[PDB]
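What follows is one chain in structure tokens, specifically the form deposited in one PDB entry.
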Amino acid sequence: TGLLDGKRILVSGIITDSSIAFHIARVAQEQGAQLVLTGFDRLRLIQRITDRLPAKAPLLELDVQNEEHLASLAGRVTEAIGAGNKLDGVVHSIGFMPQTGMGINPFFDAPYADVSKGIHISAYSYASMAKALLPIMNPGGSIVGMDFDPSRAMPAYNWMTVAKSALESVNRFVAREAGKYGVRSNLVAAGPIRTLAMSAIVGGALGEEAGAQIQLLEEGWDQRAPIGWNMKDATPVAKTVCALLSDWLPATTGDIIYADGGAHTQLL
């Protein structure tokens, strides 16, 4: 009798055991969902990581920049979940920006080829994935993507911020298409989570000033959040994604749900 009982859900974006998508997948399985996973490039690694999930889940390769992967995706999913079965949920937990577009590298010095790759993977692919999967989604279904509130500029996030602004806009158009299928489309705007890469950035991977700025941001986030914010714990974010995958937010689409401790509602 889990929140997601009987639901078939595709989860993208796992690359380490600290990936937000790993925690989404775990909580969804704890709540009764049957998963299909998609992974990029390092499939041996991803299989070994996802062996630790509560239940077995087929892993499919998906490079969202690869037109062939996208064209075959729905057939490969149907194969994995069985003919006559469709998906009830899709989780997009995919993002990337070349180093030139983040950190201490000057904003103006990011070449457009780099920015374009970042926007391709982080924003356009939300539409790509919806295009591929809506034909095999059930009415009442739910597409969820991960967001980091880009309403205001900030240090170091630079062109990734721009990519998230694009993603929010893409989400509102995907909602128009998804609606034709009886499917919702929404983003979860999460507070900062210490994934491997984030600890790497805080450790100086993209410049000392960038690391210092991110630590300041994390500290301010917990301070502003009326219920606090634990950057080491993705479970509250995973639960929020599962809420959107469930039947309990049936009139919300094209929208953004903030799983950020309430920080964005407070100035100081």
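Each form is matched to the other, and the largest set of C-alpha atoms that superpose within 1.5 Å is called the rigid core. Only residues modelled in both forms are compared. A residue's number is simply how far along the shown sequence it sits, counting from 1.
Here the stretch with the larger average CA B-factor, out of 204-212 and 239-247, is 204-212. Looking at 224-232 and 61-69 together, the entry lists the larger mean B-factor for 61-69, computed on C-alpha atoms.
Among 125, 78, 158, 151, the highest C-alpha B-factor in the deposited entry belongs to 78. Between the residues 93, 185, 165, 100, it is 100 that shows the highest Cα B-factor in the PDB record. For residue 86, the recorded CA temperature factor ranks within the highest third of the chain's modelled residues. Residue 180: CA B factor lies in the highest third for its chain, per the PDB record. Per the deposited record, the Cα B-factor of residue 16 falls in the highest third when ranked against the other modelled residues of its chain. The deposited CA B-factor of residue 171 belongs to the lowest third of values across its chain. In the deposited entry, the Cα temperature factor of residue 268 sits in the top third of values across the chain's modelled residues.
Only in words, not in the display: the form deposited in another entry, which the text now covers.
The only C-alpha among 37, 64, 214, 46 that moves by 2 Å or more between the shown form and the other one, given a superposition on the rigid core, is that of 214. With a cut-off of 2 Å and the rigid core superposed, residue 227 has a Cα displacement that falls short of the cut-off between the shown form and the other one. When the rigid core is held fixed, the Cα atom of residue 202 travels 2 angstroms or more between the shown form and the other one.
Three angstroms is the minimum change: in that other deposited form, the CA atoms of residue 210 and residue 161 sit farther apart than in this structure, by 3 Å or more. Panel note: the distance between the CA atoms of residue 108 and residue 211 is larger in that other deposited form than in this form, the difference being 3 Å or more. Core aligned; runs of 3 or more residues with all CA shifts at 2 Å or more between the shown form and the other one: 196-206, 208-218, in sequence order.
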